[PDB]
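Heads up, the chain below is alone and in the form deposited in one PDB entry; it's given as structure tokens.
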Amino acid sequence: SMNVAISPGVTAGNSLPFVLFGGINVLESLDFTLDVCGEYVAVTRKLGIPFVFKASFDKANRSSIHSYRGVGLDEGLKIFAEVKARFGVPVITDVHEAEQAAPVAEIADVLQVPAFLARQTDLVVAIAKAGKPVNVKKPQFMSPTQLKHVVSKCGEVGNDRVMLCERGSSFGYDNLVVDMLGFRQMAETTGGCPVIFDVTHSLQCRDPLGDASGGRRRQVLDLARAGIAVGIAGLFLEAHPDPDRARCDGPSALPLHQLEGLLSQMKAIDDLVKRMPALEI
């Protein structure tokens, strides 16, 4: 069981109290990001949950060219700077090109490898070389025993602060399932890397003929309870005050007024299961 140091007082580990990697899908404006982060900060401080603010500066992989992509790298890094200065919390964002790794690492405290891109050697190596902890989204196409090779790429250039994020596996066409057995397989084939659960993207599904993802936000509690009960290092979550109006993955986003309600149940379950042993062997 390895523990990954993110910032003062924030360390992720499979035996430790869970860390919330929480925020929004996509950066739209400064004031909206500050307001939503402000709400996450209030709730996580109230409940004593360690917190890392999440947002994407770009959606580089939208299905349609007409779908919204975000403010982009230059404006996104400025919004993150203001989040950090305003709230004093660390931030997490994803990186889509090798040349983005260094500039992003000047501001972000964790760099994320997107799910479709986790096998791309030069991107992973560039992210790892940037010197921050790395969150690897497990591809929809990848068995949980194969993530070890992604971790070895990071380790090869000297970065041993790697976390592994579950976000669902392809189940026929246009649907995901979460294999709850995958968490242990990920941890035990990688020397105990912290395992995180993206309950938001795991809820994705879609219409065969659709222009954008569908999703299953009404069931977020079902999935979040089940995952946190396994015993894991972190929970990855997106929210929006009105999910029907979100610009990306609205169908899977938690309504922001339900945040305290969800997190109080996560803490209660995490506090309970983190004290329970393995069965006697």
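We number the residues from 1 along the sequence you see. Residues that one form lacks are left out of the comparison. Take the two forms, superpose them, and find the largest set of C-alpha atoms that agree within 1.5 Å; that set is the rigid core.
For the pair 83-91 and 163-171, the mean Cα B-factor is higher in 83-91. Per-stretch averaging of Cα B factors for 154-162 and 198-206 places 154-162 on top. Split the chain's modelled residues into thirds by C-alpha temperature factor. Residue 149 is in the middle one. In the PDB entry, a CA B factor belonging to the middle third of its chain's modelled residues is recorded for residue 126. Sorting the modelled residues of the chain by their CA temperature factor places residue 38 in the highest third. Residue 69 sits in the middle third of its chain by CA B factor, as recorded in the PDB entry. In the deposited entry, the Cα temperature factor of residue 96 sits in the middle third of values across the chain's modelled residues.
The same protein also has a form deposited in another entry, omitted here; what follows describes it.
Looking at 254, 224, 246, 36 after a core superposition between this form and the one not shown, you find that only 246 has a C-alpha shift of 2 Å or more. After superposition on the rigid core, the Cα of residue 66 moves by 2 Å or more between this form and the one not shown. Between residue 267 and residue 249, the Cα distance is greater in the other entry than in this structure, by no less than 3 angstroms. Between this form and the other one, the CA-CA gap for residue 138 and residue 250 narrows by 3 Å or more, being smaller in the other entry. Shifted regions between this form and the one not shown (3+ consecutive residues, every CA moving 2 Å or more on the core fit): 63-68, 245-252.
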